[PDB]
Protein chains: 2
Amino acid sequence: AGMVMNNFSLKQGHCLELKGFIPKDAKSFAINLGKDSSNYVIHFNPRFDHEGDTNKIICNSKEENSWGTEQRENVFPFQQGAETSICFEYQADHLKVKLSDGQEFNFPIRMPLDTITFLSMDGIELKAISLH
Amino acid sequence: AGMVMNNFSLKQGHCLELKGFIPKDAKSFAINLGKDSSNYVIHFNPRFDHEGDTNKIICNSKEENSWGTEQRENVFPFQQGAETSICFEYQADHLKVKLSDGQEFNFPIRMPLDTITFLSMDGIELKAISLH
Ligand SMILES: OC[C@H]1O[C@@H](O[C@H]2[C@H](O)[C@@H](O)[C@@H](O)O[C@@H]2CO)[C@H](O)[C@@H](O)[C@H]1O
Ligand SMILES: OC[C@H]1O[C@@H](O[C@H]2[C@H](O)[C@@H](O)[C@@H](O)O[C@@H]2CO)[C@H](O)[C@@H](O)[C@H]1O
């Protein structure tokens with residue numbers, strides 16, 4: 001399984017930047033942010049070829065281990081065998097996801113939330129995390 | 001309790017850099033690196049005023065929840081209410097701890113170890129982590 005960070009605090013109006021290396025044979029990778037392993041405010045899942053999706057980003061929420069409604073984005077500035085950096089900005093009722101090429105999209109926050117305290121990731125090798 | 005990162009991999013010959021903010025009223029802070037919450041290859045504990053120590057760094061190991069022999073360093077480039085950055089470099093039989101002012105010291109590795117996969121910290125606010 002991937003790597004987990006817990007009991008940091010990402011507060012409203014701030015962003016968490018992740019930089020990582022995507023393996024050359026990656027079919028997908030996921031970065032999860034939320035409250036614990038059962039509660040993801042965002043599951044951010046770029047898919048190269050996975051679950052029938054080619055070069056799409058699938059986002060979803062997970063509340064008490066139940067997936068919500070998926071959000072599909074055609075933006076896809078990712079390459080296999082390369083570094084990528086993504087910023088997750090926390091606003092009252094949505095996360096703003098900021099990509100390395102300047103493209104951005106919002107994802108609604110569907111669950112009660114004070115601070116973001118949990119991160120996990122899978123399919124991508126950590127290079128750096130930082131809080132702004 | 002502090003924040004925990006788990007199932008990253010810090011391999012021999014690489015370093016993990018941590019940047020964080022020391023609260024203005026901090027009596028001490030600790031950064032732990034090892035294999036899990038019971039097994040710290042290093043417990044790195046700058047003490048402003050704690051356990052009778054004033055401006056010392058106390059390091060120790062912890063194996064299956066048992067503290068080892070403490071190592072005391074007089075180097076202390078830290079201030080309360082300020083940012084600090086420290087690098088932990090992994091070599092075969094010791095960690096090299098590199099401080100922001102260029103001062104460095106080694107700490108012996110006392111336990112079986114393939115990769116470093118666990119980090120925790122207490123008393124210091126995360127700003128960034130990166131792997132080199
Ligand atoms: O919604 C996020 C999760 O999707 C799961 O795959 C979905 C898939 O996106 C979809 O096309 C659908 O028909 O069903 C699958 C679930 O049965 C992934 O398996 C999971 O890892 C999340 O990414
Ligand atoms: O060795 C690391 C731990 O030290 C503990 O305090 C020690 C202290 O350094 C020492 O002077 C001694 O006499 O006993 C104490 C343990 O009983 C800290 O409590 C612990 O948090 C570690 O830093």
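Residue numbers begin at 1 in each chain, while the letters A, B, ... track the order of the sequences. Side chains are part of it too, since the values below use all heavy atoms of this structure and drop only hydrogens, waters and symmetry mates.
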Is it true that the NZ or CZ of A:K62 lies under 6.0 Å from the centre of A:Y40's six-membered ring and within 45 degrees of the ring axis? yes

Kindly check if the number of other-residue, nucleotide or ligand heavy atoms within 6.0 Å of CD (A:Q79) is above 12? no

Kindly say whether B:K96 contributes a backbone atom to a donor-acceptor pair with the side chain of B:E89 at under 3.5 angstrom? no

Kindly indicate whether the side chain of B:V41, heavy atoms from C-beta on, has any atom under 4.5 Å from the side chain of B:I109. yes

Mark yes or no for whether A:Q71, through its side chain, and A:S61, through its backbone, hold a donor-acceptor pair below 3.5 Å. no

Which atoms form the tightest heavy-atom contact between B:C15 and B:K98, and what is the distance? SG-NZ, 3.9 Å

Could you go through B:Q80 and B:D25, starting from their C-alpha distance and side-chain angles, then the distance that decides it, and tell me whether this counts as side chain to side chain contact (heavy atoms under 4.5 Å, CB included)? CA-CA 6 Å; B:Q80 293 158 309; B:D25 62 349; 5.9 Å; no

Provide the closest heavy-atom pair for A:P23 versus A:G123 in the form atom of the first, atom of the second, distance. CD-O, 3.2 Å

What's the separation between atom CD1 in B:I42 and atom NE2 in B:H94, rounded to the nearest 0.5 Å? 11.0 Å

Quick one: does B:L99's side chain get under 4.5 Å of B:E104's, heavy atoms only? no

Would B:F48 end up clustered with B:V75 when hydrophobic side chains under 4.5 Å apart are linked, directly or stepwise? yes

Test: B:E125 and B:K127 ion pair at under 4.0 Å: no

Measure across A:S37 and A:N65 and return the closest heavy-atom pair with its distance rounded to 0.1 Å. O-OD1, 4.0 Å

Nearest heavy-atom approach of B:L126 to A:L131 is O-CD1, 3.5 Å

hydrophobic_cluster_shared for A:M111 and A:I31, side chain cutoff 4.5 Å: yes

Check the pair B:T115 / B:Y90 against side chain to side chain contact (heavy atoms under 4.5 Å, CB included), numbers first and verdict last. CA-CA 9 Å; B:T115 309; B:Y90 178 14; 5.5 Å; no

Taking B:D122 for the side chain and B:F29 for the main chain, is one N or O donor matched with an acceptor at less than 3.5 Å? no

Sidechain-backbone polar pair: B:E17 side chain, B:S130 backbone, donor-acceptor under 3.5 Å: no

Report yes or no: does B:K56 contribute a side-chain atom to a donor-acceptor pair with the main-chain N or O of B:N45 at less than 3.5 Å? no

Start with the C-alpha gap between B:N106 and B:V97, add the side-chain angles, then the distance that decides, and say whether side chain to side chain contact (heavy atoms under 4.5 Å, CB included) holds. CA-CA 6 Å; B:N106 300 319; B:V97 178; over 6 Å; no

With side chain to side chain contact (heavy atoms under 4.5 Å, CB included) as the test, would you mind laying out the steps for B:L119 and B:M3 before giving the verdict? CA-CA 8 Å; B:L119 171 289; B:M3 79 121 246; 3.9 Å; yes

Cluster check A:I129, B:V4: I/L/V/M/F/W/Y, side chain < 4.5 angstrom: no

Between the OG1 atom in A:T84 and the CD1 atom in A:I22, the distance rounded to the nearest 0.5 Å is 5.0 Å

Is a salt bridge present between A:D53 and A:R72, judged by a nitrogen-to-oxygen distance below 4.0 Å? yes

Straight-line distance of A:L16 CG to A:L10 CG, nearest 0.5 Å: 5.5 Å

Measure up the B:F44 and B:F78 rings against each other and bin them: parallel (under 30°), tilted (30 to 60°), perpendicular (over 60°). perpendicular

Do B:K35 and B:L113 come within less than 4.5 Å of each other through their side chains, counting heavy atoms only? yes

Would you call A:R110-A:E63 a salt bridge at under 4.0 Å N-O? no

Any donor-acceptor pair under 3.5 Å linking the side chain of B:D49 with the backbone of B:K27? no

Short side-chain to backbone donor-acceptor contact, B:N60 and B:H43, under 3.5 Å: no

Looking at CZ of A:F107 and CZ of A:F88, how far apart are the two atoms once the value is rounded to the nearest 0.5 Å? 11.5 Å

If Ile, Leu, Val, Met, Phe, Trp and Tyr residues are connected whenever their side-chain heavy atoms lie under 4.5 Å apart, and connections chain through other members, are A:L18 and A:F76 in the same group? yes

If hydrophobic clusters are built by linking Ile, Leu, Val, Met, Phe, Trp and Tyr wherever their side-chain heavy atoms come under 4.5 Å apart, do A:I116 and B:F21 end up in the same one? no

To the nearest 0.5 Å, tell me how far B:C87 SG sits from B:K19 NZ. 11.5 Å

Distance check, rounded to the nearest 0.5 Å: A:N32 atom CG versus A:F118 atom CZ? 7.0 Å

